[PDB]
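> First, the structure itself, so that you have it in front of you.
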Amino acid sequence: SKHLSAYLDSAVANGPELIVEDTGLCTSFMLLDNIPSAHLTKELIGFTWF
Amino acid sequence: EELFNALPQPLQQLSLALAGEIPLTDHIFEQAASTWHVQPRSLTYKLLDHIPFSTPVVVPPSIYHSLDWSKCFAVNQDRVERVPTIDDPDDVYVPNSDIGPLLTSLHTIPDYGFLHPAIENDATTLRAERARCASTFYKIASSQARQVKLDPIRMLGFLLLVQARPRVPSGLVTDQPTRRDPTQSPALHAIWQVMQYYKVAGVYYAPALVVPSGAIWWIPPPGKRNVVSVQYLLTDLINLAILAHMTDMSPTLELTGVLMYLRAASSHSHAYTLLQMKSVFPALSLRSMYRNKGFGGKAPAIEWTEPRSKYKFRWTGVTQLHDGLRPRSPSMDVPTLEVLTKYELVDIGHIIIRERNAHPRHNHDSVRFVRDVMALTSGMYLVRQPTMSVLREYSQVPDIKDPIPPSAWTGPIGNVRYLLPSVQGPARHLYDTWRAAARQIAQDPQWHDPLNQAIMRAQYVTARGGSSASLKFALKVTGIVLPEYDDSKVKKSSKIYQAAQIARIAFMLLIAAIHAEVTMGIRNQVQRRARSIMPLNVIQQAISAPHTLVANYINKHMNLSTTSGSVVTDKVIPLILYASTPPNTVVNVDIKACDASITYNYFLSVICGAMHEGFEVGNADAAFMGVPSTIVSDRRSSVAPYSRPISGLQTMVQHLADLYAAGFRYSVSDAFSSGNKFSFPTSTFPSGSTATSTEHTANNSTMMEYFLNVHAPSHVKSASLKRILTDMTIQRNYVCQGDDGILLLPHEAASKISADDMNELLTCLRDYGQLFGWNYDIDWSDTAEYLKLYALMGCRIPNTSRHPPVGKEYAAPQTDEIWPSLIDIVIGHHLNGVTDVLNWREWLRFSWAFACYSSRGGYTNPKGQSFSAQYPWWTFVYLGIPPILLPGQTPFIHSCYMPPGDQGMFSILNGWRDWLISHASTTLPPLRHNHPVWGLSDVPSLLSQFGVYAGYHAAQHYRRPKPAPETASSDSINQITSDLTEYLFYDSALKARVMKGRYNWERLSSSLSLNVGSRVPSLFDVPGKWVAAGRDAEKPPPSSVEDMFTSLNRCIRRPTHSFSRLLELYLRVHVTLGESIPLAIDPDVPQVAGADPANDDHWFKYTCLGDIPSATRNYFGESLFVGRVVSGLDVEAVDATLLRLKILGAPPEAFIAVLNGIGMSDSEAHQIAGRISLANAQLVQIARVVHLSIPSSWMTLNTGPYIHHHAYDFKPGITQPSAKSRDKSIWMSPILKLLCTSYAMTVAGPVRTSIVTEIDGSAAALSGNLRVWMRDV
RNA sequence: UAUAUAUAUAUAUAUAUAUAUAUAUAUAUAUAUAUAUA
RNA sequence: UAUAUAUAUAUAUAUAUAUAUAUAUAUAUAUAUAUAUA
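Just so you know, the protein sequences line up as chains G and A, in that order.
Positions 176 to 225 (PDB author numbering) are the ones given, in order, by the first sequence.
Positions 2 to 1274 (PDB author numbering) are the ones given, in order, by the second sequence.
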């Protein structure tokens, strides 16, 4: 009955998922802070700015 | 099994016989029957002590909460009503009360009691209210207990006896032993627990005992009290226990039924509570089966032939099931569960649903499950006070949503008004339809034929009747002195009696009497309110003739009466099967109360006007049925009024409309209530018998047709629905009978209609019916309900609950019957268990036990002697019950389809032949001179030793006493006769015809010396038959009873050693069975639920032959030569005589005399006589000439082709040449084929080819003797 | 005693179905609060 | 007081995911019984 039901009705969906939409940014590479910058508060004040 | 040890010795022997251990014998047959009649019934309950139950059932003490009866009854307007407890006005049934306080003690049995003589006296004499209320309550409560074919305890005893020992296996490879076992049945355990309350010293006092005059009750001690509902609960439990065993259901389902009954019994009004939640089981199971994903299986492929009017169907293979074909309608779980929540029985639904989910695919198991669960509904014949019934049913009037405005009518025509042409709508459609039919009836020389006139007058007389008192009063009122014939001992209320009084009178003198009271009656039902019987008087029945005639024409000439020809009821079987197939969508409809909704203000006025106008085309001066034309005033023109003549038909309408407008005036005289007769009118149509089906079916068809073709397309919204709704017509899409109707949709192309459109369609139909006040009560569940038959996916489902094993209707306070009648009850009881497919082996065992108890009985003179008798068991074999085990054979080799009568005997002997002959030779000395069929071995003495002859002749004896004549009463007999003949022979031509025919006949029969004393059917004897029927309807005097017992005993004791001449000759034939025939259908496909490999024999018989009656060339002999006949005479006697004459080669004038003897004119007599020929006659048509008929049990099988080309009467390579029939084969071969197929159907297992192998005498000798016997009779 | 075959039972793994519990989503009903209208 | 909309809580139904239990089927191991061979 499974095969017969399968062969008789084609409205079983199972279609490939074609429509996929993105509203974000078309990029695949991320700029990454690997090593954080140090916070200076006693000496060398002003050399870095956040 | 210690229970087997508990049984007394004779019953132990009987149980062994039923189990197949030993061949049954008259000796043990009597010992068991005798001892049952002497021991107290309570011992049957005592047997229950020896069953170690292990079921999870608890009987709450809530049962013993008797509600006081005094508040459940009252009298107002001098009638005892029911005053329902709940606000629901329908709680009019027997309450739950303790009957105890109303009991005295009996002198015979001091323990049990009956009503106080003081109470009934005061209610009778003083008309005291409380006395009357108590009496009414006692009467109905007793009556409800009496609704059983016999005492339930006896049935319980039967069940224990058969279930006390497992049956011995046969040698058959399909003989599965029973899977179910005792100690697991919730019903029996429930009976045990509840009965524990009714013991004082281990005595088990029965709560009640049924008697011929009703039922008695046991006086409770001061501590206890007996509620009447308990007795009802026991009956339901016993009935369920029996049914569950026979249907072989799982204990879980039986558990649910027990809880079902217990919950109902706990609350007040046990009947009402059951009635409310009636349809729960079918809705849970039948209405919702395949609403899932894993659907599949095999289904029948049925095709409806092109001339659909003929209702011819063809089996044409099988269809694979798949998900696209699964049912579309919503399930029924939600409403049912919601209802069950009210009675806190949701567990039952959960259990049922969970169990149902185990059958996703359609097969034998699924339908078997459906059959079993649907068998759980209560099988009790509910009864209520007739006064409440009549007050509750006829108090309804239809509500019309758009009445015909008064300005829509013309001026009066004396009584009727014609309908203005400008008016449209369904009413216009109805008006035109009836008018057109009236026109066709108007000119029709079919009437005024004196023979046809005789048919109509004769149709009005039956043994029953009513309203005679009203008749005598009304005519005496108008100065008409009717005759009397009391000395002729016949009931006055019989329709025959009143008819005789009328015979002489000029008809028009009687016209004033039609406006007279009509008595009424009530017949109880199993699953609904009781039905009504409203017999009109003969005069009223005569006046309403035009209404019937037009209705008949509408039916027979539009949709061919939708099967209301009722020729064989089985034509609906293939119809519903086809209607339930996957490719088709079907909807079940039926008028809510067609009898109560047809009325004069809307319906009958339109019909009367149409008929009166429709009869205008015709001779204005033409009397009809003695009603002459008259002058009536026409007032259609306000400027030119006048008067003109109108034909008799119109005069009938004039009075008929007057009567309908006045409304029927009934008079109730219920006996169960006390001194409360009264009369009140109503618009409710009589609808007491099939004579009403014609009118309602006609109107049913008309409204449906207008809805389909006009109203629906103009009103529906879905374009797709419009597309499919069009191209649809009633003649090929709708059938009906009375209120019931079936609507089936055109095959949606490889698809199914949206449930959305269905809802739209069904909704509009409801509104359409609401317009003119018809509640259509439609439903859509992809099943077939028509005339109480159920089909699911082309498989028939026997609703066994509608045939309760223990229940039987009784409409009077007294059973009013004599002991021998019980036998016929047993026979009818057994057949239902065959029609419905039960476990054929176990059902047979139970049947014999029932027979054994019934086999014995007695009677006592009103003052004098007692009398007694009992039958040898072989009687029941002749009556149509297969034997379980013969000496020398193996048990359970005879199928239930074994034919009754001589055929069954012959088949049994034919199989039993060789063993008997050989055994007789060893045991007994040879007889003194050679025998035709036997050798010298003398088996007849052996048969007498088995008492076969005793049983064979005992079954032939009559079972109802005969009333005695008298000579002055014979002057009334002559007076009765004369008048009946006078009523029959209104004209003179018929009398001349019959007299000439009779005179010629006896002259020919004697002179030609065919024979003398031939009782040939003739009209002169029809009044004699009526008189005998009328006298028979009376309660016989005791002397007749004494004659019966004495005659029966003498017939038993008389030593005879011969069967009937026919059976003697039939034994000369030797028949053998070959291989199995080719199969009809795939064994996988189920066709009848329960006819499965488990229930092998039914499964074999159906599979081999196929169910669908498909006589493509046989027509089963329905083409009788005499289409038109008068009542009283038998067509089956007439054609038998005619064929017998034709075989005897009588001269043509013999046929002429016989035909003229039943009113046929000479010209048509010659025309009919010429048609008689051995060629065109059918196998059954010619075989019936020697009373070889088809058993009713076969009517559901396609036996035609088998009898045609599978029962070889002469196979060249097998038959001995001595058996060659030669030229007489033209009429010999059908007889042999009938004998062959009867033997083949007798044995169990698959159907095999049947072959005549030898006739001991030459076939010529057999034919010669047959011709002699044919000439003799 | 060993080997093979068949049947039954137990244990483990895989798959399907049903039931129960927990979480998420949707729908319906009930209760509470807010807003609008009558 | 009623109706409509929104939010929160509770109950019921349906779907998805996870866990537990039961039943069925398949595979592997062990035990018992029966049959055959040594």
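Heads up, the beta-carbon is just placed ideally off N, CA and C, and yes, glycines get one too.
Can you pull the chain A neighbours of residue 176 of chain G, defined as C-beta to C-beta under 9 Å?
Residue 176 of chain G sits at position 1 when you count from the first residue of the first sequence. Per Cβ cutoff of 9 Å: 295, 296, 297, 298, 321, 322, 323, 324, 362.
> Check this for me: beta carbons of residue 561 of chain A and residue 855 of chain A, under 8 Å apart or not?
If you number the second sequence from 1, residue 561 of chain A lands on position 560. If you number the second sequence from 1, residue 855 of chain A lands on position 854. No; because the gap between Cβ atoms is not below 8 Å, this pair is not in contact.
> Under a Cβ-count criterion, where at least 16 other Cβ atoms within 10 Å of its own Cβ denotes burial, should residue 97 of chain A be classed as buried or exposed?
Numbered from 1 along the second sequence, position 96 holds the residue referred to as residue 97 of chain A. Buried, because 16 or more other Cβ atoms sit within 10 Å of the Cβ of residue 97 of chain A.
> Indicate the three-state DSSP secondary structure (helix, strand or coil) for residue 176 of chain A in the structure shown.
Locating residue 176 of chain A in the second sequence gives position 175, where the first residue counts as 1. DSSP places residue 176 of chain A in coil when its eight states are reduced to three.
> Short check: CB of residue 1 of chain A to CB of residue 887 of chain A, under 8 Å?
Given that chain A is displayed from residue 2 to residue 1274, the structure contains no residue 1 of chain A and the question cannot be resolved.
> If you reduce the DSSP assignment to three classes, tell me which class residue 1158 of chain A lands in.
Within the second sequence, numbered from 1, the residue matching residue 1158 of chain A stands at position 1157. If DSSP states are grouped into helix, strand and coil, residue 1158 of chain A belongs with coil.
> Per DSSP, which one or two residues make a beta bridge with residue 1275 of chain A?
Given that chain A is displayed from residue 2 to residue 1274, the structure contains no residue 1275 of chain A and the question cannot be resolved.
> Who does residue 304 of chain A pair with in a DSSP beta bridge?
Here residue 304 of chain A corresponds to residue number 303 of the second sequence, with the count starting at 1. Residue 304 of chain A is bridged to A:315.
> With three or more C-beta pairs closer than 8 Å as the rule, is the region 526 to 546 of chain A touching the region 381 to 388 of chain A?
Yes: at least three Cβ pairs fall under 8 Å.
> Evaluate contact between the region 1235 to 1250 of chain A and the region 894 to 901 of chain A, counting only Cβ atoms and requiring at least three cross-stretch pairs below 8 Å.
These segments touch.
> Going straight from the alpha carbon of residue 733 of chain A to that of residue 316 of chain A, what length do you get?
The residue labelled residue 733 of chain A in the question sits at position 732 within the second sequence. The residue labelled residue 316 of chain A in the question sits at position 315 within the second sequence. C-alpha separation (whole angstroms): 19 Å.
> So residue 630 of chain A and residue 904 of chain A are in contact, right, with Cβ under 8 Å, and what is the actual spacing, rounded?
Translated into positions along the second sequence, residue 630 of chain A becomes position 629. Translated into positions along the second sequence, residue 904 of chain A becomes position 903. Not confirmed; about 58 Å, so no contact.
> Is the beta carbon of residue 70 of chain A sitting closer than 8 Å to the one on residue 115 of chain A?
As a first step, residue 70 of chain A must be located in the second sequence, where it is residue number 69. As a first step, residue 115 of chain A must be located in the second sequence, where it is residue number 114. Their beta carbons are not under 8 Å apart, which means residue 70 of chain A does not touch residue 115 of chain A by this criterion.
> Measuring only between beta-carbons, confirm whether residue 183 of chain G sits less than 8 Å from chain A.
Residue numbering aside, residue 183 of chain G sits at position 8 when the first sequence is read from its first letter. Answer yes: the Cβ-Cβ gap between residue 183 of chain G and chain A drops below 8 Å somewhere.
> Which residues bound the beta strand (DSSP E) around residue 178 of chain G?
Sequence index remark: in the first sequence, residue 178 of chain G carries index 3 (1-based). Careful: residue 178 of chain G lies outside any beta strand (DSSP E), inside the alpha helix (DSSP H) at 177 to 183.
> Round the Cβ separation of residue 354 of chain A and residue 257 of chain A to the nearest angstrom and send it over; I've been treating them as touching at under 8 Å.
Looking up residue 354 of chain A in the second sequence gives position 353. Looking up residue 257 of chain A in the second sequence gives position 256. In fact, because the Cβ distance is near 11 Å, the residues do not count as touching under 8 Å.
> Judging by CA-CA distance, which residue of A:544, A:403, A:795 is the nearest neighbour of residue 769 of chain A?
Position 768 of the second sequence holds residue 769 of chain A. When only C-alpha atoms are compared, the closest one is A:403.
> Strictly below 9 Å CB to CB, what residues from chain A border residue 207 of chain G?
Taking the first residue of the first sequence as 1, we reach residue 207 of chain G at position 32. Under the 9 Å cutoff, chain A gives no residues; its nearest Cβ is about 50 Å from residue 207 of chain G.
> So does the region 234 to 252 of chain A actually touch the region 103 to 121 of chain A, counting three or more Cβ pairs closer than 8 Å?
These segments do not touch.
> Mapping DSSP to helix, strand and coil, what is residue 738 of chain A?
For the purposes of this step, residue 738 of chain A is identified with residue 737 of the second sequence, where counting begins at 1. Looking at residue 738 of chain A - three-state DSSP - the assignment turns out to be strand.
> Would you tell me roughly how many angstroms separate the C-alpha atoms of residue 959 of chain A and residue 1274 of chain A, rounded to the nearest one?
Translated into the one-based positions of the second sequence, residue 959 of chain A becomes position 958. Translated into the one-based positions of the second sequence, residue 1274 of chain A becomes position 1273. The straight-line gap from Cα to Cα measures roughly 21 Å.
> Rounded to the nearest angstrom, what separates residue 312 of chain A and residue 1036 of chain A at their Cα positions?
If you number the second sequence from 1, residue 312 of chain A lands on position 311. If you number the second sequence from 1, residue 1036 of chain A lands on position 1035. Taking the straight line joining both Cα atoms gives about 45 Å.
> Please say whether residue 1150 of chain A and residue 1005 of chain A have beta carbons closer to each other than 8 Å?
Within the second sequence, residue 1005 of chain A is the residue found at index 1004, counting from 1. Within the second sequence, residue 1150 of chain A is the residue found at index 1149, counting from 1. Contact: yes.
> Within its chain, find whatever has a CB closer than 6 Å to the CB of residue 49 of chain A; leave out the 5 residues flanking it on each side and keep chain order.
Here residue 49 of chain A refers to the residue found at position 48 of the second sequence. 193.
> Kindly list, in the order they appear in chain A, the residues whose Cβ is closer than 7 Å to that of residue 200 of chain G.
Position 25 of the first sequence, counted from the first residue, corresponds to residue 200 of chain G. Ordered by position in chain A, no residue passes the 7 Å Cβ test against residue 200 of chain G, which lies about 44 Å from the chain.
> Between residue 526 of chain A and the ligand NAP, is the CB less than 7 Å from at least one heavy atom?
With respect to small molecules bound, the structure shown includes none, and the ligand NAP cannot be examined in it.
> Report the start-end ranges of each alpha helix (DSSP H) in the region 452 to 499 of chain A that is 4 residues or longer and not cut off at the edges.
Fully enclosed alpha helix (DSSP H) runs of 4 or longer: 469 to 478.
> Count the other CB atoms, across all protein chains shown, that sit within 10 Å of the CB of residue 94 of chain A; report buried if there are 16 or more and exposed otherwise.
Here the question's residue 94 of chain A lines up with position 93 in the second sequence. Label assigned to residue 94 of chain A: buried.
> What span of residues does the alpha helix (DSSP H) with residue 1031 of chain A cover, start to end?
Stepping through the second sequence from its first residue, residue 1031 of chain A is reached at position 1030. Taken as a continuous stretch (DSSP letters only), the alpha helix (DSSP H) holding residue 1031 of chain A covers 1023 to 1033.
> If you drop the 5 nearest sequence neighbours on each side, which residues of the same chain put their C-beta closer than 8 Å to that of residue 680 of chain A?
The residue labelled residue 680 of chain A in the question sits at position 679 within the second sequence. Once the five neighbours on either side are set aside, the close Cβ partners of residue 680 of chain A are 518, 666, 667, 668, 669.
> Is it buried or exposed, residue 1080 of chain A, if we count other Cβ atoms within 10 angstroms and call 16 or more buried?
Your numbering for residue 1080 of chain A matches position 1079 in the second sequence. Classification of residue 1080 of chain A: exposed, given that the 10 Å Cβ count is below 16.
> For residue 844 of chain A, which residues of its own chain have a beta-carbon under 7 Å away from its beta-carbon, when the five flanking residues on both sides are left out?
In the second sequence, counting from the first residue as 1, residue 844 of chain A sits at position 843. If we look at residue 844 of chain A and ignore the five residues flanking it on each side, its Cβ neighbours are 247, 834.
> Is the beta carbon of residue 411 of chain A sitting closer than 8 Å to the one on residue 645 of chain A?
What you label residue 411 of chain A is simply residue 410 of the second sequence in a count that begins at 1. What you label residue 645 of chain A is simply residue 644 of the second sequence in a count that begins at 1. No, the Cβ-Cβ distance between residue 411 of chain A and residue 645 of chain A is not below 8 Å.
> For residue 203 of chain G, return the contacting residues in chain A, with the cut-off set at a CB-CB distance below 9 Å.
For the purposes of this step, residue 203 of chain G is identified with residue 28 of the first sequence, where counting begins at 1. Residues of chain A passing the Cβ test: none, with the nearest at roughly 42 Å.
> Since residue 349 of chain A is in the alpha helix (DSSP H), which residue starts that stretch and which ends it?
Against the second sequence, residue 349 of chain A aligns to sequence position 348. 347 to 357 is the extent of the alpha helix (DSSP H) around residue 349 of chain A.
> May I have the straight-line CA-CA distance separating residue 1216 of chain A from residue 917 of chain A, to the nearest angstrom?
Your numbering for residue 1216 of chain A matches position 1215 in the second sequence. Your numbering for residue 917 of chain A matches position 916 in the second sequence. Straight-line Cα distance between these residues: approximately 23 Å.
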